[PDB]
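File shown: target.pdb. Contents: PDB, C-alpha atoms (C1' of nucleotides).
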```
ATOM      1  CA  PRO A   7    -181.805 147.915 -53.656  1.00  0.00           C
ATOM      2  CA  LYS A   8    -185.204 149.541 -53.056  1.00  0.00           C
ATOM      3  CA  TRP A   9    -187.307 146.529 -52.016  1.00  0.00           C
ATOM      4  CA  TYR A  10    -188.072 146.710 -48.309  1.00  0.00           C
ATOM      5  CA  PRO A  11    -186.981 143.498 -46.525  1.00  0.00           C
ATOM      6  CA  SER A  12    -190.011 141.197 -46.545  1.00  0.00           C
ATOM      7  CA  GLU A  13    -188.376 139.234 -43.704  1.00  0.00           C
ATOM      8  CA  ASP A  14    -186.262 141.013 -41.104  1.00  0.00           C
ATOM      9  CA  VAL A  15    -183.085 138.935 -41.294  1.00  0.00           C
ATOM     10  CA  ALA A  16    -180.636 140.316 -38.747  1.00  0.00           C
ATOM     11  CA  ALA A  17    -177.824 142.407 -40.201  1.00  0.00           C
ATOM     12  CA  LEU A  18    -174.193 141.451 -39.682  1.00  0.00           C
ATOM     13  CA  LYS A  19    -172.066 143.268 -37.125  1.00  0.00           C
ATOM     14  CA  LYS A  20    -169.255 145.665 -38.035  1.00  0.00           C
ATOM     15  CA  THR A  21    -166.441 143.229 -38.794  1.00  0.00           C
ATOM     16  CA  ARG A  22    -163.045 144.554 -37.682  1.00  0.00           C
ATOM     17  CA  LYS A  23    -160.962 142.749 -40.321  1.00  0.00           C
ATOM     18  CA  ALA A  24    -159.156 145.181 -42.619  1.00  0.00           C
ATOM     19  CA  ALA A  25    -157.553 143.755 -45.746  1.00  0.00           C
ATOM     20  CA  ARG A  26    -153.751 143.749 -45.786  1.00  0.00           C
ATOM     21  CA  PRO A  27    -151.238 143.099 -48.581  1.00  0.00           C
ATOM     22  CA  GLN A  28    -149.740 139.623 -48.691  1.00  0.00           C
ATOM     23  CA  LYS A  29    -146.365 139.350 -46.935  1.00  0.00           C
ATOM     24  CA  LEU A  30    -144.544 136.983 -49.275  1.00  0.00           C
ATOM     25  CA  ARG A  31    -141.611 134.998 -47.926  1.00  0.00           C
ATOM     26  CA  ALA A  32    -138.208 136.559 -48.542  1.00  0.00           C
ATOM     27  CA  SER A  33    -137.144 133.555 -50.632  1.00  0.00           C
ATOM     28  CA  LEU A  34    -139.595 134.677 -53.339  1.00  0.00           C
ATOM     29  CA  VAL A  35    -137.859 137.380 -55.394  1.00  0.00           C
ATOM     30  CA  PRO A  36    -138.598 138.494 -58.986  1.00  0.00           C
ATOM     31  CA  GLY A  37    -136.619 136.568 -61.578  1.00  0.00           C
ATOM     32  CA  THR A  38    -136.401 133.450 -59.405  1.00  0.00           C
ATOM     33  CA  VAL A  39    -136.811 130.036 -61.015  1.00  0.00           C
ATOM     34  CA  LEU A  40    -139.902 128.250 -59.695  1.00  0.00           C
ATOM     35  CA  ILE A  41    -140.943 124.588 -59.658  1.00  0.00           C
ATOM     36  CA  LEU A  42    -144.660 123.864 -59.979  1.00  0.00           C
ATOM     37  CA  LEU A  43    -145.911 121.178 -57.587  1.00  0.00           C
ATOM     38  CA  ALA A  44    -149.459 120.753 -58.940  1.00  0.00           C
ATOM     39  CA  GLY A  45    -151.781 121.677 -61.780  1.00  0.00           C
ATOM     40  CA  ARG A  46    -151.544 121.242 -65.521  1.00  0.00           C
ATOM     41  CA  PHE A  47    -147.846 122.210 -65.584  1.00  0.00           C
ATOM     42  CA  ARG A  48    -146.857 120.302 -62.439  1.00  0.00           C
ATOM     43  CA  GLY A  49    -143.134 119.584 -62.335  1.00  0.00           C
ATOM     44  CA  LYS A  50    -142.249 122.283 -64.870  1.00  0.00           C
ATOM     45  CA  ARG A  51    -139.586 124.911 -64.205  1.00  0.00           C
ATOM     46  CA  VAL A  52    -140.913 128.470 -64.359  1.00  0.00           C
ATOM     47  CA  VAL A  53    -139.564 132.012 -63.981  1.00  0.00           C
ATOM     48  CA  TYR A  54    -141.014 134.417 -61.405  1.00  0.00           C
ATOM     49  CA  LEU A  55    -141.860 137.709 -63.137  1.00  0.00           C
ATOM     50  CA  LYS A  56    -144.214 139.819 -61.009  1.00  0.00           C
ATOM     51  CA  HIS A  57    -146.450 139.721 -57.936  1.00  0.00           C
ATOM     52  CA  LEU A  58    -150.176 140.236 -58.529  1.00  0.00           C
ATOM     53  CA  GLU A  59    -152.649 142.015 -56.267  1.00  0.00           C
ATOM     54  CA  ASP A  60    -154.832 138.880 -55.957  1.00  0.00           C
ATOM     55  CA  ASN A  61    -152.155 137.096 -53.849  1.00  0.00           C
ATOM     56  CA  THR A  62    -151.052 135.191 -56.983  1.00  0.00           C
ATOM     57  CA  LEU A  63    -147.679 135.344 -58.735  1.00  0.00           C
ATOM     58  CA  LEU A  64    -147.390 136.416 -62.371  1.00  0.00           C
ATOM     59  CA  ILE A  65    -145.063 133.836 -63.921  1.00  0.00           C
ATOM     60  CA  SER A  66    -143.757 132.698 -67.295  1.00  0.00           C
ATOM     61  CA  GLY A  67    -142.020 129.523 -68.397  1.00  0.00           C
ATOM     62  CA  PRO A  68    -141.003 131.248 -70.550  1.00  0.00           C
ATOM     63  CA  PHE A  69    -143.629 129.902 -72.932  1.00  0.00           C
ATOM     64  CA  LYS A  70    -141.135 129.378 -75.763  1.00  0.00           C
ATOM     65  CA  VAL A  71    -138.732 127.283 -73.676  1.00  0.00           C
ATOM     66  CA  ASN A  72    -141.237 124.876 -72.084  1.00  0.00           C
ATOM     67  CA  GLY A  73    -144.698 125.906 -73.320  1.00  0.00           C
ATOM     68  CA  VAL A  74    -145.911 127.333 -69.995  1.00  0.00           C
ATOM     69  CA  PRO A  75    -147.751 130.603 -70.783  1.00  0.00           C
ATOM     70  CA  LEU A  76    -148.365 133.624 -68.583  1.00  0.00           C
ATOM     71  CA  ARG A  77    -150.609 132.342 -65.794  1.00  0.00           C
ATOM     72  CA  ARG A  78    -151.472 132.964 -62.159  1.00  0.00           C
ATOM     73  CA  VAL A  79    -149.988 130.667 -59.518  1.00  0.00           C
ATOM     74  CA  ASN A  80    -150.097 130.420 -55.730  1.00  0.00           C
ATOM     75  CA  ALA A  81    -146.918 130.919 -53.719  1.00  0.00           C
ATOM     76  CA  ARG A  82    -147.743 127.911 -51.525  1.00  0.00           C
ATOM     77  CA  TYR A  83    -147.581 125.514 -54.510  1.00  0.00           C
ATOM     78  CA  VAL A  84    -144.159 126.790 -55.642  1.00  0.00           C
ATOM     79  CA  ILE A  85    -140.567 126.122 -54.565  1.00  0.00           C
ATOM     80  CA  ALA A  86    -138.180 129.064 -54.950  1.00  0.00           C
ATOM     81  CA  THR A  87    -134.664 128.225 -56.127  1.00  0.00           C
ATOM     82  CA  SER A  88    -131.494 130.213 -55.448  1.00  0.00           C
TER      83      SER A  88
ATOM     84  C1'   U B   1    -129.447  84.121 -84.863  1.00  0.00           C
ATOM     85  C1'   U B   2    -124.726  81.370 -82.524  1.00  0.00           C
ATOM     86  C1'   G B   3    -122.445  78.937 -78.008  1.00  0.00           C
ATOM     87  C1'   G B   4    -122.259  77.872 -73.152  1.00  0.00           C
ATOM     88  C1'   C B   5    -124.270  78.081 -68.557  1.00  0.00           C
ATOM     89  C1'   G B   6    -128.127  77.720 -64.214  1.00  0.00           C
ATOM     90  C1'   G B   7    -131.559  70.993 -60.850  1.00  0.00           C
ATOM     91  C1'   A B   8    -131.924  73.979 -54.090  1.00  0.00           C
ATOM     92  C1'   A B   9    -137.782  76.107 -55.605  1.00  0.00           C
ATOM     93  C1'   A B  10    -132.664  75.217 -62.238  1.00  0.00           C
ATOM     94  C1'   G B  11    -136.981  78.485 -65.965  1.00  0.00           C
ATOM     95  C1'   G B  12    -132.413  82.547 -65.265  1.00  0.00           C
ATOM     96  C1'   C B  13    -127.559  84.337 -66.866  1.00  0.00           C
ATOM     97  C1'   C B  14    -124.953  86.084 -70.445  1.00  0.00           C
ATOM     98  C1'   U B  15    -123.421  85.865 -75.462  1.00  0.00           C
ATOM     99  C1'   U B  16    -120.734  85.480 -81.676  1.00  0.00           C
ATOM    100  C1'   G B  17    -123.130  87.736 -85.867  1.00  0.00           C
ATOM    101  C1'   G B  18    -126.349  90.877 -88.491  1.00  0.00           C
ATOM    102  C1'   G B  19    -131.747  93.836 -88.871  1.00  0.00           C
ATOM    103  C1'   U B  20    -134.450  98.116 -87.458  1.00  0.00           C
ATOM    104  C1'   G B  21    -135.488 102.775 -84.039  1.00  0.00           C
ATOM    105  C1'   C B  22    -133.597 106.479 -80.145  1.00  0.00           C
ATOM    106  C1'   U B  23    -129.211 108.722 -78.569  1.00  0.00           C
ATOM    107  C1'   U B  24    -129.734 114.565 -74.225  1.00  0.00           C
ATOM    108  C1'   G B  25    -122.405 113.553 -76.858  1.00  0.00           C
ATOM    109  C1'   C B  26    -122.575 118.246 -79.377  1.00  0.00           C
ATOM    110  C1'   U B  27    -125.269 122.995 -82.577  1.00  0.00           C
ATOM    111  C1'   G B  28    -130.297 124.994 -83.816  1.00  0.00           C
ATOM    112  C1'   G B  29    -135.614 125.531 -85.474  1.00  0.00           C
ATOM    113  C1'   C B  30    -140.921 124.071 -85.145  1.00  0.00           C
ATOM    114  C1'   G B  31    -145.772 123.395 -80.672  1.00  0.00           C
ATOM    115  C1'   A B  32    -147.298 123.831 -76.018  1.00  0.00           C
ATOM    116  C1'   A B  33    -151.603 128.433 -73.900  1.00  0.00           C
ATOM    117  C1'   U B  34    -158.328 128.144 -72.544  1.00  0.00           C
ATOM    118  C1'   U B  35    -157.997 122.088 -68.222  1.00  0.00           C
ATOM    119  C1'   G B  36    -158.289 129.770 -67.044  1.00  0.00           C
ATOM    120  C1'   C B  37    -154.512 129.503 -59.259  1.00  0.00           C
ATOM    121  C1'   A B  38    -154.412 122.627 -56.739  1.00  0.00           C
ATOM    122  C1'   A B  39    -158.897 118.579 -56.583  1.00  0.00           C
ATOM    123  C1'   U B  40    -153.878 111.026 -57.758  1.00  0.00           C
ATOM    124  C1'   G B  41    -154.536 112.476 -63.136  1.00  0.00           C
ATOM    125  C1'   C B  42    -161.184  89.202 -69.409  1.00  0.00           C
ATOM    126  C1'   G B  43    -164.285  84.114 -69.931  1.00  0.00           C
ATOM    127  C1'   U B  44    -168.915  81.973 -70.218  1.00  0.00           C
ATOM    128  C1'   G B  45    -173.754  78.471 -71.707  1.00  0.00           C
ATOM    129  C1'   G B  46    -175.835  75.477 -75.654  1.00  0.00           C
ATOM    130  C1'   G B  47    -174.350  72.269 -79.801  1.00  0.00           C
ATOM    131  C1'   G B  48    -170.345  68.887 -83.629  1.00  0.00           C
ATOM    132  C1'   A B  49    -166.251  64.774 -82.944  1.00  0.00           C
ATOM    133  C1'   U B  50    -163.426  62.486 -78.170  1.00  0.00           C
ATOM    134  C1'   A B  51    -159.169  61.177 -74.261  1.00  0.00           C
ATOM    135  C1'   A B  52    -160.581  59.739 -69.530  1.00  0.00           C
ATOM    136  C1'   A B  53    -163.595  58.747 -64.705  1.00  0.00           C
ATOM    137  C1'   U B  54    -168.347  56.587 -61.798  1.00  0.00           C
ATOM    138  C1'   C B  55    -172.724  53.368 -62.161  1.00  0.00           C
ATOM    139  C1'   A B  56    -174.992  48.461 -64.677  1.00  0.00           C
ATOM    140  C1'   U B  57    -172.828  43.309 -65.109  1.00  0.00           C
ATOM    141  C1'   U B  58    -169.105  40.459 -62.811  1.00  0.00           C
ATOM    142  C1'   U B  59    -165.250  39.623 -59.590  1.00  0.00           C
ATOM    143  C1'   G B  60    -163.529  38.417 -53.708  1.00  0.00           C
ATOM    144  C1'   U B  61    -157.226  38.289 -52.282  1.00  0.00           C
ATOM    145  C1'   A B  62    -162.581  43.273 -49.523  1.00  0.00           C
ATOM    146  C1'   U B  63    -167.121  43.115 -46.596  1.00  0.00           C
ATOM    147  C1'   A B  64    -172.202  45.970 -40.611  1.00  0.00           C
ATOM    148  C1'   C B  65    -173.731  50.500 -44.830  1.00  0.00           C
ATOM    149  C1'   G B  66    -169.545  53.628 -47.775  1.00  0.00           C
ATOM    150  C1'   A B  67    -165.150  51.888 -49.451  1.00  0.00           C
ATOM    151  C1'   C B  68    -161.728  48.433 -51.576  1.00  0.00           C
ATOM    152  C1'   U B  69    -160.222  44.000 -55.683  1.00  0.00           C
ATOM    153  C1'   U B  70    -160.906  41.926 -60.970  1.00  0.00           C
ATOM    154  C1'   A B  71    -162.958  41.523 -66.558  1.00  0.00           C
ATOM    155  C1'   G B  72    -166.024  41.266 -70.941  1.00  0.00           C
ATOM    156  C1'   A B  73    -166.811  46.233 -77.602  1.00  0.00           C
TER     157        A B  73
END
```
Please render this file's structure as structure tokens.
Amino acid sequence: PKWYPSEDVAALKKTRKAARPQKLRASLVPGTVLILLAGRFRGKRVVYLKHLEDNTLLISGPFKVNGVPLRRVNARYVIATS
RNA sequence: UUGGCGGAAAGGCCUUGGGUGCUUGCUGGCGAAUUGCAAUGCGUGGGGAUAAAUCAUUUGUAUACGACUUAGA
């Protein structure tokens, strides 16, 4: 914060990479039934509830039906049913 | 547990009878969580008894040396 650099490491250039919201595939819609391909609950059927700002999908089993609680999941490890 | 069957490398096929579990065929309840967003998720090396082999002896229907051929608790 206030310590002067004791070794003049070169500063990084102005990176021209602005963050953009994830463009999820149209097949992913809220309320869709999802199949988990990996992780603790791999192979379980899950319901798509909400999209999170961290590029993850807020999902629920529901917990009562199959024991899968509210957890974050990646869209790339999920198959969206009709 | 009963009966038959499979010889090509059968060694497998059913099957009468009962025993004990599941049944998602149908109706419901209990728990999943925090692993936190994926890192696939089987015989020795030393002893106790002993079935058998080789050597010793002998044998000669065998013989350059191995090998082969007999018999004595």
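Against this structure, the PyMOL selection byres ((chain A) within 10 of (chain B)) ends up with residues 43, 44, 45, 46, 48, 60, 61, 62, 63, 69, 70, 71, 72, 73, 74, 75, 76, 77, 78, 79, 80, 81, 82 and 83 of chain A.
Distance-wise, atom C1' of residue 51 of chain B and atom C1' of residue 71 of chain B end up 21.4 Å apart.
The spacing separating atom CA of residue 24 of chain A from atom CA of residue 7 of chain A amounts to 25.3 Å.
Between atom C1' of residue 3 of chain B and atom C1' of residue 21 of chain B lies a distance of 27.8 Å.
Minimum atom-to-atom distance to residue 85 of chain A, evaluated using only C-alpha atoms, belongs to A:51 out of A:19, A:51, A:26, A:8.
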Where atoms are missing, can you supply N, CA, C and O atoms for segment 39-54 of chain A and output the lot as a PDB file, in the frame of the given file?
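The new file out.pdb reads:
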```pdb
ATOM      1  N   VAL A  39    -136.307 131.217 -60.321  1.00  0.00           N
ATOM      2  CA  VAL A  39    -136.811 130.036 -61.015  1.00  0.00           C
ATOM      3  C   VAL A  39    -137.697 129.250 -60.058  1.00  0.00           C
ATOM      4  O   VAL A  39    -137.307 128.971 -58.918  1.00  0.00           O
ATOM      5  N   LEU A  40    -138.890 128.890 -60.520  1.00  0.00           N
ATOM      6  CA  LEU A  40    -139.902 128.250 -59.695  1.00  0.00           C
ATOM      7  C   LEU A  40    -140.220 126.863 -60.235  1.00  0.00           C
ATOM      8  O   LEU A  40    -140.175 126.623 -61.447  1.00  0.00           O
ATOM      9  N   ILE A  41    -140.545 125.951 -59.323  1.00  0.00           N
ATOM     10  CA  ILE A  41    -140.943 124.588 -59.658  1.00  0.00           C
ATOM     11  C   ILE A  41    -142.405 124.424 -59.264  1.00  0.00           C
ATOM     12  O   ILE A  41    -142.769 124.638 -58.101  1.00  0.00           O
ATOM     13  N   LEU A  42    -143.239 124.048 -60.230  1.00  0.00           N
ATOM     14  CA  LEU A  42    -144.660 123.864 -59.979  1.00  0.00           C
ATOM     15  C   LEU A  42    -144.913 122.477 -59.403  1.00  0.00           C
ATOM     16  O   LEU A  42    -144.448 121.472 -59.950  1.00  0.00           O
ATOM     17  N   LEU A  43    -145.650 122.425 -58.293  1.00  0.00           N
ATOM     18  CA  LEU A  43    -145.911 121.178 -57.587  1.00  0.00           C
ATOM     19  C   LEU A  43    -147.248 120.546 -57.951  1.00  0.00           C
ATOM     20  O   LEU A  43    -147.460 119.369 -57.640  1.00  0.00           O
ATOM     21  N   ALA A  44    -148.148 121.284 -58.595  1.00  0.00           N
ATOM     22  CA  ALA A  44    -149.459 120.753 -58.940  1.00  0.00           C
ATOM     23  C   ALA A  44    -150.002 121.526 -60.132  1.00  0.00           C
ATOM     24  O   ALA A  44    -149.425 122.523 -60.568  1.00  0.00           O
ATOM     25  N   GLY A  45    -151.123 121.045 -60.655  1.00  0.00           N
ATOM     26  CA  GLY A  45    -151.781 121.677 -61.780  1.00  0.00           C
ATOM     27  C   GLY A  45    -151.402 121.050 -63.106  1.00  0.00           C
ATOM     28  O   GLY A  45    -150.774 119.990 -63.187  1.00  0.00           O
ATOM     29  N   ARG A  46    -151.807 121.740 -64.174  1.00  0.00           N
ATOM     30  CA  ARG A  46    -151.544 121.242 -65.521  1.00  0.00           C
ATOM     31  C   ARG A  46    -150.048 121.151 -65.793  1.00  0.00           C
ATOM     32  O   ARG A  46    -149.577 120.179 -66.395  1.00  0.00           O
ATOM     33  N   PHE A  47    -149.284 122.152 -65.354  1.00  0.00           N
ATOM     34  CA  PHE A  47    -147.846 122.210 -65.584  1.00  0.00           C
ATOM     35  C   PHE A  47    -147.047 121.758 -64.367  1.00  0.00           C
ATOM     36  O   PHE A  47    -145.957 122.281 -64.110  1.00  0.00           O
ATOM     37  N   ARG A  48    -147.567 120.795 -63.610  1.00  0.00           N
ATOM     38  CA  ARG A  48    -146.857 120.302 -62.439  1.00  0.00           C
ATOM     39  C   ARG A  48    -145.510 119.713 -62.841  1.00  0.00           C
ATOM     40  O   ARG A  48    -145.404 118.967 -63.818  1.00  0.00           O
ATOM     41  N   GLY A  49    -144.475 120.058 -62.077  1.00  0.00           N
ATOM     42  CA  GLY A  49    -143.134 119.584 -62.335  1.00  0.00           C
ATOM     43  C   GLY A  49    -142.337 120.424 -63.308  1.00  0.00           C
ATOM     44  O   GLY A  49    -141.141 120.163 -63.492  1.00  0.00           O
ATOM     45  N   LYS A  50    -142.955 121.421 -63.935  1.00  0.00           N
ATOM     46  CA  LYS A  50    -142.249 122.283 -64.870  1.00  0.00           C
ATOM     47  C   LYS A  50    -141.473 123.360 -64.122  1.00  0.00           C
ATOM     48  O   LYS A  50    -141.829 123.755 -63.007  1.00  0.00           O
ATOM     49  N   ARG A  51    -140.402 123.835 -64.749  1.00  0.00           N
ATOM     50  CA  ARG A  51    -139.586 124.911 -64.205  1.00  0.00           C
ATOM     51  C   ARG A  51    -140.033 126.231 -64.816  1.00  0.00           C
ATOM     52  O   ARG A  51    -140.155 126.346 -66.041  1.00  0.00           O
ATOM     53  N   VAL A  52    -140.280 127.222 -63.960  1.00  0.00           N
ATOM     54  CA  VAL A  52    -140.913 128.470 -64.359  1.00  0.00           C
ATOM     55  C   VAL A  52    -140.130 129.633 -63.761  1.00  0.00           C
ATOM     56  O   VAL A  52    -139.422 129.490 -62.764  1.00  0.00           O
ATOM     57  N   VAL A  53    -140.261 130.799 -64.396  1.00  0.00           N
ATOM     58  CA  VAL A  53    -139.564 132.012 -63.981  1.00  0.00           C
ATOM     59  C   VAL A  53    -140.564 132.940 -63.303  1.00  0.00           C
ATOM     60  O   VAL A  53    -141.676 133.142 -63.805  1.00  0.00           O
ATOM     61  N   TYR A  54    -140.169 133.501 -62.163  1.00  0.00           N
ATOM     62  CA  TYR A  54    -141.014 134.417 -61.405  1.00  0.00           C
ATOM     63  C   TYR A  54    -140.837 135.831 -61.948  1.00  0.00           C
ATOM     64  O   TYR A  54    -139.748 136.407 -61.850  1.00  0.00           O
TER      65      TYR A  54
END
```
